[PDB]
C-alpha cells in the first residue's frame, strides 16, 4: 500500500484584530466559521466531500467544549463528520495542519479542513481563570495570575536574550524591521488575496467590512522603541514594542491527497514536503523551532539555502533572533511581509496564519520552496516544509 502526497488546495485568513479592537464582538467560533466557509467556497467544494475538521484553539470556556465541531456545524458540514479541537498552545494552528496531513497519508481521510482560531479579546470575560492564565511564583509574585501566560513567556525570552547576548538595541532593530516590512506590504496590498473580509457592527444600523489588519503601528521609529519600559523584568530588554500583542483572528486551509484533488478537478496551491517536531533542553526554553526545522529539513533532504521563503512566528524579538541566527536564515527570506510583532499573534490561529501568508507570498514570487515554524509549548517546536 502506497503513501499518499498531501496537497493544500485552499487557504484563507481573517484580518488580525487588536485586543479589544475590531473583533471584540466577533467570537472565535464566528471568525473560524467565516474562514472555513470561504475556504470551501473559493474552490467550490461540495460539503459531502469533507472527511474531517481539525482546528486549533487555546482559550475555551471549560472542559467538554469542541470549538472545531461548533464551527463545522455552523459551516453546514454533516454531523457525521468528526471534528477535533487542538489545544497545543502557540503551535495549535500548525499542529492541526500536521494532524490533518497524517490522517490523509494513513488512508483514513481524503479531504480535511484544518486551521486555527482565537479570540483573546473575549477570553477575560468568558474563560475560567484556570484556563486563562497560570500562577506566578512558578519562578512576592506568587498568588497572582499571569494572563495568557504572557509573563512566563517574556521571562523565557529574557533568558534567551541573556544566554545568546541579544541586546535591547538588537531586539528593537528586529522589531522595527518587522513593522517596516508589514507597512510596506500593506501599502502594496500584499495581503489582499489571502484575507477574507469580516463584517462587524460599528453602530446601530451600520455594518463595516473589515479587510485590513488592525495591529501594525504606522510610522514607528527606532527612537520610539528605545523609549519603551521593560515589560517583564526590571532592567530587562523585552518590551511591549519588541514582543507581539494579544490578538483575534482565524486561518483555515483545506488539505487533500493529490489523487483526491485530481479526481475533484481542484488545483493545489502547495504540497506538503515534510514536517517534524522536536523538544529542547531546559537551558534554551523557547528555541523549539530550531531543532524542529533542522529535523524537518533533514527529512526533506534540504538545507536552509534550499528554502526560498521562511515564516517563523515572532512572539518575541529575542526568540526571533535566536531562530534566525541558529538556522542561518538570510534577512531577505524571513517574514518578508512582516511578522507577528507587527501583525499580531492570535494564539490558536498563528500557526495556520503564517502558513497561509507563506503560501500566498511563494505564489506571488513564483518561488518553489517554503518553511513555516513556531513553538508548540515552551519546550518544543514544530516545522513544516511546503513546495509549489
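Positions refer to the first chain, counted from 1.
Participant: According to the entry, are there none, 1 to 3, 4 to 9, or 10 or more residues of the deposited sequence without coordinates between residue 139 and residue 140?
Facilitator: Gap between residue 139 and residue 140: 4 to 9 unmodelled residues.
Participant: Quick one: higher average CA temperature factor, 256-264 or 146-154?
Facilitator: It is 256-264.
Participant: Tell me which stretch, 334-342 or 55-63, has the higher mean Cα B-factor listed in the entry.
Facilitator: Per the PDB record, 55-63.
Participant: Name the one of 311, 118, 165, 194 with the greatest CA B-factor according to the PDB entry.
Facilitator: Answer for 311, 118, 165, 194: 165, with the highest C-alpha B-factor.
Participant: According to the deposited entry, which of 249, 91, 288, 241 has the largest Cα B-factor?
Facilitator: Highest C-alpha B-factor among the listed options: 241.
Participant: Please rank the C-alpha B-factors of the chain's modelled residues and tell me whether residue 16 sits in the lowest, middle or highest third.
Facilitator: Lowest third.
Participant: Ordered by C-alpha B-factor within the chain, which third holds residue 99? Give me lowest, middle or highest, please.
Facilitator: According to the entry, residue 99 has a C-alpha B-factor in the chain's lowest third.
Participant: Test of reading the entry: by CA B factor among the chain's modelled residues, which third contains residue 374?
Facilitator: Its C-alpha B-factor belongs to the lowest third of this chain's values.
Participant: Going by the recorded CA B-factors, say which third of the chain residue 362 sits in, lowest, middle or highest.
Facilitator: Its C-alpha B-factor belongs to the middle third of this chain's values.
Participant: According to the PDB entry, is the CA B factor of residue 133 in the bottom, middle or top third of its chain, that is, lowest, middle or highest?
Facilitator: Middle third - that is where residue 133 ends up once the chain's C-alpha B-factors are sorted.
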